[PDB]
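Data file: data06.pdb. Format and content: PDB, C-alpha atoms.
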```pdb
ATOM      1  CA  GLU W   1      33.094 -15.925  -4.491
ATOM      2  CA  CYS W   2      29.456 -16.643  -5.317
ATOM      3  CA  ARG W   3      26.814 -15.409  -2.875
ATOM      4  CA  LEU W   4      23.019 -15.284  -2.644
ATOM      5  CA  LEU W   5      21.556 -12.312  -4.512
ATOM      6  CA  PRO W   6      18.287 -11.103  -2.956
ATOM      7  CA  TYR W   7      15.436 -10.144  -5.299
ATOM      8  CA  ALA W   8      11.865  -8.884  -5.335
ATOM      9  CA  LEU W   9       8.967  -9.976  -7.518
ATOM     10  CA  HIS W  10       8.744  -7.230 -10.135
ATOM     11  CA  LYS W  11       6.312  -8.280 -12.869
ATOM     12  CA  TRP W  12       4.409 -11.401 -13.839
ATOM     13  CA  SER W  13       2.231 -12.609 -16.697
ATOM     14  CA  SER W  14      -0.529 -13.922 -14.437
ATOM     15  CA  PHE W  15      -1.149 -16.046 -11.372
ATOM     16  CA  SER W  16      -3.857 -18.492 -10.287
ATOM     17  CA  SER W  17      -5.697 -17.486  -7.095
ATOM     18  CA  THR W  18      -3.787 -17.970  -3.879
ATOM     19  CA  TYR W  19      -0.717 -19.128  -5.806
ATOM     20  CA  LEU W  20       1.054 -15.773  -5.674
ATOM     21  CA  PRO W  21       4.280 -14.812  -7.349
ATOM     22  CA  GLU W  22       5.877 -14.085  -3.953
ATOM     23  CA  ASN W  23       5.554 -17.738  -2.905
ATOM     24  CA  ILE W  24       8.799 -18.408  -4.809
ATOM     25  CA  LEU W  25      10.713 -16.570  -2.049
ATOM     26  CA  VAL W  26       9.937 -19.341   0.427
ATOM     27  CA  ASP W  27      11.287 -22.912   0.429
ATOM     28  CA  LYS W  28       8.547 -25.043   2.032
ATOM     29  CA  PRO W  29       8.440 -28.376   0.206
ATOM     30  CA  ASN W  30       5.763 -29.873   2.517
ATOM     31  CA  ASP W  31       3.308 -27.102   1.556
ATOM     32  CA  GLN W  32       1.408 -27.603  -1.740
ATOM     33  CA  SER W  33       0.348 -23.960  -1.577
ATOM     34  CA  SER W  34       3.875 -22.530  -1.438
ATOM     35  CA  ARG W  35       4.268 -21.842  -5.153
ATOM     36  CA  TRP W  36       3.549 -19.391  -7.900
ATOM     37  CA  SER W  37       1.160 -20.921 -10.415
ATOM     38  CA  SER W  38       0.345 -19.239 -13.705
ATOM     39  CA  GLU W  39      -3.328 -18.554 -14.379
ATOM     40  CA  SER W  40      -3.090 -20.663 -17.527
ATOM     41  CA  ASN W  41      -0.377 -22.410 -19.535
ATOM     42  CA  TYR W  42      -1.071 -20.378 -22.672
ATOM     43  CA  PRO W  43       2.043 -18.395 -23.669
ATOM     44  CA  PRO W  44       3.639 -16.146 -22.751
ATOM     45  CA  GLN W  45       3.899 -16.880 -19.033
ATOM     46  CA  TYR W  46       6.742 -15.472 -16.956
ATOM     47  CA  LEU W  47       8.006 -14.044 -13.684
ATOM     48  CA  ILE W  48      10.354 -11.061 -13.700
ATOM     49  CA  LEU W  49      12.574 -10.662 -10.627
ATOM     50  CA  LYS W  50      14.371  -7.425  -9.750
ATOM     51  CA  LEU W  51      17.670  -7.795  -7.919
ATOM     52  CA  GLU W  52      18.382  -5.385  -5.074
ATOM     53  CA  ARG W  53      21.724  -4.531  -6.724
ATOM     54  CA  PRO W  54      23.139  -5.140 -10.186
ATOM     55  CA  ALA W  55      25.067  -8.428 -10.252
ATOM     56  CA  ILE W  56      26.929 -10.932 -12.350
ATOM     57  CA  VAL W  57      24.203 -13.595 -12.092
ATOM     58  CA  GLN W  58      25.929 -16.984 -12.222
ATOM     59  CA  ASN W  59      23.386 -19.561 -11.007
ATOM     60  CA  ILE W  60      19.683 -20.122 -10.521
ATOM     61  CA  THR W  61      18.331 -22.693  -8.069
ATOM     62  CA  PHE W  62      14.820 -24.183  -8.212
ATOM     63  CA  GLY W  63      13.178 -25.729  -5.177
ATOM     64  CA  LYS W  64      10.621 -28.514  -5.310
ATOM     65  CA  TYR W  65       7.503 -29.928  -3.660
ATOM     66  CA  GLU W  66       8.092 -32.933  -1.378
ATOM     67  CA  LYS W  67       6.683 -35.205  -4.099
ATOM     68  CA  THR W  68       6.499 -35.243  -7.905
ATOM     69  CA  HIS W  69       4.058 -32.715  -9.361
ATOM     70  CA  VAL W  70       2.437 -32.365 -12.780
ATOM     71  CA  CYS W  71       2.947 -28.595 -12.644
ATOM     72  CA  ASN W  72       6.743 -28.820 -12.373
ATOM     73  CA  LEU W  73       8.641 -27.222 -15.237
ATOM     74  CA  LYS W  74       9.689 -29.835 -17.777
ATOM     75  CA  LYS W  75      11.023 -27.025 -19.966
ATOM     76  CA  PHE W  76      11.859 -23.400 -19.153
ATOM     77  CA  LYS W  77      14.107 -20.522 -20.191
ATOM     78  CA  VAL W  78      15.791 -17.782 -18.190
ATOM     79  CA  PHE W  79      16.611 -14.317 -19.565
ATOM     80  CA  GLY W  80      18.341 -11.363 -17.977
ATOM     81  CA  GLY W  81      19.482  -7.798 -18.432
ATOM     82  CA  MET W  82      20.274  -4.474 -16.821
ATOM     83  CA  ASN W  83      17.142  -3.114 -18.506
ATOM     84  CA  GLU W  84      13.882  -4.956 -17.802
ATOM     85  CA  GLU W  85      12.703  -4.370 -21.372
ATOM     86  CA  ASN W  86      15.840  -5.674 -23.091
ATOM     87  CA  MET W  87      17.155  -9.082 -22.092
ATOM     88  CA  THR W  88      19.311 -11.884 -23.413
ATOM     89  CA  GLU W  89      18.870 -15.639 -22.974
ATOM     90  CA  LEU W  90      20.859 -17.078 -20.059
ATOM     91  CA  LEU W  91      19.577 -20.654 -19.920
ATOM     92  CA  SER W  92      17.333 -23.090 -21.767
ATOM     93  CA  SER W  93      16.699 -26.286 -19.841
ATOM     94  CA  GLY W  94      14.185 -28.246 -17.740
ATOM     95  CA  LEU W  95      13.668 -29.569 -14.229
ATOM     96  CA  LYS W  96      13.607 -33.141 -13.038
ATOM     97  CA  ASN W  97      10.196 -34.081 -11.673
ATOM     98  CA  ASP W  98      11.467 -35.041  -8.220
ATOM     99  CA  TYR W  99      11.796 -33.545  -4.738
ATOM    100  CA  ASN W 100      15.448 -32.571  -5.276
ATOM    101  CA  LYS W 101      16.510 -28.923  -5.453
ATOM    102  CA  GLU W 102      18.432 -28.197  -8.658
ATOM    103  CA  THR W 103      21.005 -25.529  -9.477
ATOM    104  CA  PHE W 104      21.848 -24.414 -13.017
ATOM    105  CA  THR W 105      24.739 -22.270 -14.204
ATOM    106  CA  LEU W 106      23.680 -19.188 -16.172
ATOM    107  CA  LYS W 107      25.434 -17.592 -19.112
ATOM    108  CA  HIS W 108      27.108 -14.498 -17.676
ATOM    109  CA  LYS W 109      29.859 -13.677 -20.154
ATOM    110  CA  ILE W 110      30.217 -12.695 -23.752
ATOM    111  CA  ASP W 111      33.691 -13.466 -25.115
ATOM    112  CA  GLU W 112      35.144 -14.004 -21.623
ATOM    113  CA  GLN W 113      33.842 -10.607 -20.462
ATOM    114  CA  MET W 114      31.355 -10.823 -17.593
ATOM    115  CA  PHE W 115      28.114  -8.856 -17.867
ATOM    116  CA  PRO W 116      25.728  -7.777 -15.088
ATOM    117  CA  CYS W 117      21.916  -7.948 -14.838
ATOM    118  CA  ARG W 118      19.379  -6.156 -12.656
ATOM    119  CA  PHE W 119      16.394  -8.194 -13.832
ATOM    120  CA  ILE W 120      15.884 -11.914 -14.350
ATOM    121  CA  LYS W 121      12.934 -13.340 -16.347
ATOM    122  CA  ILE W 122      11.881 -16.959 -15.874
ATOM    123  CA  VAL W 123       9.737 -18.347 -18.693
ATOM    124  CA  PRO W 124       8.011 -21.678 -18.041
ATOM    125  CA  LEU W 125       7.344 -23.534 -21.296
ATOM    126  CA  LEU W 126       6.176 -27.094 -20.599
ATOM    127  CA  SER W 127       4.849 -28.873 -17.513
ATOM    128  CA  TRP W 128       5.632 -32.474 -16.600
ATOM    129  CA  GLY W 129       2.065 -33.732 -16.636
ATOM    130  CA  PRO W 130      -1.358 -32.856 -17.993
ATOM    131  CA  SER W 131      -2.042 -29.534 -16.326
ATOM    132  CA  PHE W 132      -3.717 -26.203 -16.908
ATOM    133  CA  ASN W 133      -0.946 -24.302 -15.096
ATOM    134  CA  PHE W 134       2.821 -23.922 -14.644
ATOM    135  CA  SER W 135       4.233 -23.843 -11.112
ATOM    136  CA  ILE W 136       7.470 -22.632  -9.511
ATOM    137  CA  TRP W 137       8.084 -23.566  -5.864
ATOM    138  CA  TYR W 138      11.196 -21.638  -4.883
ATOM    139  CA  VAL W 139      13.954 -19.634  -6.578
ATOM    140  CA  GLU W 140      17.409 -18.612  -5.428
ATOM    141  CA  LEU W 141      19.832 -16.584  -7.504
ATOM    142  CA  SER W 142      23.556 -16.533  -6.881
ATOM    143  CA  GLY W 143      26.512 -14.612  -8.266
ATOM    144  CA  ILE W 144      28.618 -11.531  -7.698
ATOM    145  CA  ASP W 145      27.367  -8.097  -6.626
ATOM    146  CA  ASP W 146      30.700  -6.818  -5.288
ATOM    147  CA  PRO W 147      31.001  -3.329  -6.807
ATOM    148  CA  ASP W 148      34.750  -3.878  -7.367
ATOM    149  CA  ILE W 149      33.819  -6.657  -9.775
ATOM    150  CA  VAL W 150      30.475  -5.413 -11.132
ATOM    151  CA  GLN W 151      31.372  -1.792 -11.867
ATOM    152  CA  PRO W 152      34.230  -2.562 -14.311
ATOM    153  CA  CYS W 153      31.713  -4.712 -16.236
ATOM    154  CA  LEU W 154      29.293  -1.814 -16.655
ATOM    155  CA  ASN W 155      29.277   0.135 -19.910
ATOM    156  CA  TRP W 156      30.520   3.737 -19.645
TER
END
```
Just dump the structure as structure tokens.
Amino acid sequence: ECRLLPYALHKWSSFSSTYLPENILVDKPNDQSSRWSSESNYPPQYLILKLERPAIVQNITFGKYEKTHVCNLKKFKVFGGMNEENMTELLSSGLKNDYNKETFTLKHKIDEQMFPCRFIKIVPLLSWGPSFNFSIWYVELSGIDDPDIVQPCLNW
């Protein structure tokens, strides 16, 4: 019932030259350059993704480089909402510093009632090694954008 939910890069705190936010759309673990890197690790740093359609966002998947990297996210949070200026926390966790893709379930209900988002904000908080930057290699979102399921979850 869960499918891949396409998104665009909407806003970002910063990026280091040539390490552009849109590099997270591409899964190329043999390419050191295929990542967003923040300009610095001073907070707040973030990427905001806009889904093509509102969805019940149920999972986020992070890709990796082919080898361990100091810039990998040891700690991060994910927030989401229908409104890009008003979001709730969906996940607080970290990545393993390895070459293995990881998928995390996201909080998408309140009291057993599913809620939709149009925007997802990823907030890197701590890198694995001494670094001056945070990096994200690849992001997939998955969930439900079927209007027959999403629309009854939307406030009137």
Please report, as a tab-separated table, each residue of segment 104-125 of chain W lying at most 9 Å from segment 135-150 of chain W, together with the nearest pair of atoms and the separation in Å rounded to one decimal; use only C-alpha atoms, and order rows by chain and ascending residue number.
```
residue	atom	partner	partner_atom	distance
W:114	CA	W:150	CA	8.5
W:115	CA	W:150	CA	7.9
W:116	CA	W:150	CA	6.6
W:124	CA	W:135	CA	8.2
```
task = Kindly indicate which residue among W:37, W:127, W:113, W:13 lies nearest to residue 155 of chain W, using only C-alpha atoms for the distances.
result = W:113
message = Take the PyMOL selection byres ((chain W and resi 10) around 9), run it mentally on this structure, and tell me the resulting residues as JSON, numbers by chain.
response = {"W": [7, 8, 9, 11, 12, 47, 48, 49, 50, 119]}
request  = Please write the residues picked by the PyMOL selection byres ((chain W and resi 42) around 12) on this file as an MDAnalysis selection string.
outcome  = chainID W and resid 13:14 38:41 43:46 123:127 131:134
Please produce a file of those selected residues containing C-alpha atoms, as a PDB file, keeping the file's coordinate frame.
```pdb
ATOM      1  CA  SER W  13       2.231 -12.609 -16.697  1.00  0.00           C
ATOM      2  CA  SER W  14      -0.529 -13.922 -14.437  1.00  0.00           C
ATOM      3  CA  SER W  38       0.345 -19.239 -13.705  1.00  0.00           C
ATOM      4  CA  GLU W  39      -3.328 -18.554 -14.379  1.00  0.00           C
ATOM      5  CA  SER W  40      -3.090 -20.663 -17.527  1.00  0.00           C
ATOM      6  CA  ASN W  41      -0.377 -22.410 -19.535  1.00  0.00           C
ATOM      7  CA  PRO W  43       2.043 -18.395 -23.669  1.00  0.00           C
ATOM      8  CA  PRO W  44       3.639 -16.146 -22.751  1.00  0.00           C
ATOM      9  CA  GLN W  45       3.899 -16.880 -19.033  1.00  0.00           C
ATOM     10  CA  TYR W  46       6.742 -15.472 -16.956  1.00  0.00           C
ATOM     11  CA  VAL W 123       9.737 -18.347 -18.693  1.00  0.00           C
ATOM     12  CA  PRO W 124       8.011 -21.678 -18.041  1.00  0.00           C
ATOM     13  CA  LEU W 125       7.344 -23.534 -21.296  1.00  0.00           C
ATOM     14  CA  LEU W 126       6.176 -27.094 -20.599  1.00  0.00           C
ATOM     15  CA  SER W 127       4.849 -28.873 -17.513  1.00  0.00           C
ATOM     16  CA  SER W 131      -2.042 -29.534 -16.326  1.00  0.00           C
ATOM     17  CA  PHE W 132      -3.717 -26.203 -16.908  1.00  0.00           C
ATOM     18  CA  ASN W 133      -0.946 -24.302 -15.096  1.00  0.00           C
ATOM     19  CA  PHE W 134       2.821 -23.922 -14.644  1.00  0.00           C
TER      20      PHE W 134
END
```
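For the pair atom CA of residue 56 of chain W and atom CA of residue 76 of chain W, the separation is 20.7 Å.
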ask   = Just so the selection is clear, what residues does the PyMOL selection byres ((chain W and resi 82) around 10) cover here, as a PyMOL selection string?
value = chain W and resi 50-51+54-55+80-81+83-88+115-120+154
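With only C-alpha atoms taken into account, the protein and nucleic acid residues at most 10 Å from residue 95 of chain W (excluding it and anything under 4 positions from it in its own chain) are residues 62, 63, 64, 72, 73, 74, 75, 76, 100, 101, 102, 103, 104, 127 and 128 of chain W.
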Let me see the file: selected residues, C-alpha atoms, as a CSV table (one decimal), keeping the file's coordinate frame.
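Here's the written file result.csv:
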```
chain,number,residue,atom,x,y,z
W,62,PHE,CA,14.8,-24.2,-8.2
W,63,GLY,CA,13.2,-25.7,-5.2
W,64,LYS,CA,10.6,-28.5,-5.3
W,72,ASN,CA,6.7,-28.8,-12.4
W,73,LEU,CA,8.6,-27.2,-15.2
W,74,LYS,CA,9.7,-29.8,-17.8
W,75,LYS,CA,11.0,-27.0,-20.0
W,76,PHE,CA,11.9,-23.4,-19.2
W,100,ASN,CA,15.4,-32.6,-5.3
W,101,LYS,CA,16.5,-28.9,-5.5
W,102,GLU,CA,18.4,-28.2,-8.7
W,103,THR,CA,21.0,-25.5,-9.5
W,104,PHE,CA,21.8,-24.4,-13.0
W,127,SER,CA,4.8,-28.9,-17.5
W,128,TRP,CA,5.6,-32.5,-16.6
```
ask   = atom CA of residue 108 of chain W and atom CA of residue 2 of chain W, how far apart in Å?
value = 12.8 Å
ask   = Taking all atoms listed in the file into account, which of W:1, W:98, W:111, W:22 comes nearest residue 36 of chain W?
value = W:22
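Straight-line separation from atom CA of residue 19 of chain W to atom CA of residue 122 of chain W: 16.3 Å.
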request  = Find the residue from W:33, W:57, W:156, W:27 that sits nearest to residue 99 of chain W; use all atoms listed in the file when measuring.
outcome  = W:27
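Nearest residue to residue 32 of chain W, choosing from W:53, W:69, W:97, W:59 and counting only C-alpha atoms: W:69.
For the point (20.7, -20.6, -20.9), the residues with at least one atom inside 7 Å, counting all atoms listed in the file, are residues 77, 78, 89, 90, 91, 92, 106 and 107 of chain W.
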key: Shell around residue 31 of chain W at 8 Å using all atoms listed in the file, local window under 3 positions removed, as a ChimeraX atom specification   = /W:28,34,65
